[PDB]
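Given next, in structure tokens, is a single chain: the form deposited without adenosine.
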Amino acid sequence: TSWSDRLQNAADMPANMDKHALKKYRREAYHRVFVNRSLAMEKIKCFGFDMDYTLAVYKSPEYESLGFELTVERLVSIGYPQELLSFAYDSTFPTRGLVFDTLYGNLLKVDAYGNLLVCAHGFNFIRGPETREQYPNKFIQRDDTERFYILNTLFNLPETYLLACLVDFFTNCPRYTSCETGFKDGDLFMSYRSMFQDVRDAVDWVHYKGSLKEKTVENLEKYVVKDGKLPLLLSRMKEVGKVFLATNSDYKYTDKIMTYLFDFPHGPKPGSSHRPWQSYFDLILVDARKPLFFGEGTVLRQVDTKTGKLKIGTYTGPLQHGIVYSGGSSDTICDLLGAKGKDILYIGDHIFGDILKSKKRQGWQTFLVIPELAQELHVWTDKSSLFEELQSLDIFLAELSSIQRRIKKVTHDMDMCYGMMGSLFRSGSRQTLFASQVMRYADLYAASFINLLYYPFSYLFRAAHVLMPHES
């Protein structure tokens, strides 16, 4: 069962909008909204969305596998060896948020302070002592962006696996000699950095120039979660505030995906007339170029929705029913909708890109969609005995070597329940950089924004006040 299997199972359920049913349903961890900072829903005047992996949740592992296959084909087409075509995507390997070390060709899972939690070279998981040879302080400077690339997005999942595949392949292929910073083939030297750049470029190519979009839209049922409750929730949002879309995708793709997401024989509820997807939004903005959008942005343009091309000129007019915008900035939205920062709840999956920047730069309130939570929660609950044992051992050790080896064993067994690279949120008792970012920048979070449907209009989401140690 993948996380998108969980999301689709919940998607197939009709909405029971009886008060007591709703209260009961959001008791279950699976349908809850989780709260890092208190948020009075009654004060939200505008709800904003990203599209990809927010409204349009791509099915796993099918979509990652398609991305993987096309990226591989692109590398082969530009001259990588034919053996790449024997690779096959494996969803059990990658966890999101890993760091690729371009100097030494390792995938690293780190905490918020750059401490190494996991290190793999290809498919070889490197133990603590061996890690010290390349990482003397078991530490990386993560803002050294010339060296380290953080694979934080869901679109980075196939390249996460591909990087490890390529390191493994070149290591084990007798044509190549393994060196500390890459692979030697006579008078040719391929650095891990050059290899990484080729992979990144190929992923980019597949998304922007290749066939990924075309292959997705030709089989939307295979690739995209569809849920009759989406229009219901959006309709309810629109009763109490404004609704906007701000997506980096182009109009033609947006229109295809969104048309599919609303293609039911009814509107918001069963029995109601179907309405076009555009009718759910007070403002539609494509080609957003986030994160630049949250600063200077780009010139505001208007989409000719008949051709899918941009009209000639910067758009200087007012908000008009039926207009579709392109480019602009976050100020466009605030200006056109008459909203100030804290009046906006912005709903997205990009915890760097959108969520962090909207909060830091504009003071927007945030809702982070974490699709993997839909399955990670099932593991967390199923294996809570293991975590409880882990806490207990950390405690017993503190109050003072068999205990340390045991901590390592339990940490490993727990972690392997999630996959080879462990939980998105932790390795054993140590939180990941990703977890830290979610806590710091996501006011609310959940496996799906649809979970908002189960809380009433003016719900007050509550988090405990934080005290300093000297205050506690």
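In this text, residue numbers run from 1 along the sequence as written.
As for the form solved in complex with adenosine, it is not shown, yet the points below apply to it.
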Practice item. May I ask you to choose, among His412, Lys45, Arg406, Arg32, the residue with a heavy atom within 4.5 Å of adenosine in the deposited bound form? Key: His412
**Study point:** Contacting member of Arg142, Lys184, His266, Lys222, with respect to adenosine in the deposited bound form [4.5 Å, heavy atom]
**Key:** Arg142
Review point. Pick from 142-150, 174-182, 273-281, 214-222: which stretch has a heavy atom within 4.5 Å of adenosine in the deposited bound form?
Key: 142-150
Practice item. Check whether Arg127 has any heavy atom within 4.5 Å of a heavy atom of adenosine in the deposited bound form, and answer yes or no. Key: yes
**Study point:** Interface membership of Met416, adenosine in the deposited bound form, 4.5 Å heavy atom rule
**Key:** yes
Check your understanding: Taking heavy atoms and a 4.5 Å cut-off, does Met195 contact adenosine in the deposited bound form?
Key -> no
Point to revise | Heavy atom of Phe352 within 4.5 Å of adenosine in the deposited bound form | key: yes
Practice item. Assess the spot marked by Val118, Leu356 and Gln437: is adenosine within 4.5 Å of a heavy atom from every one of these residues in the deposited bound form? Key: yes
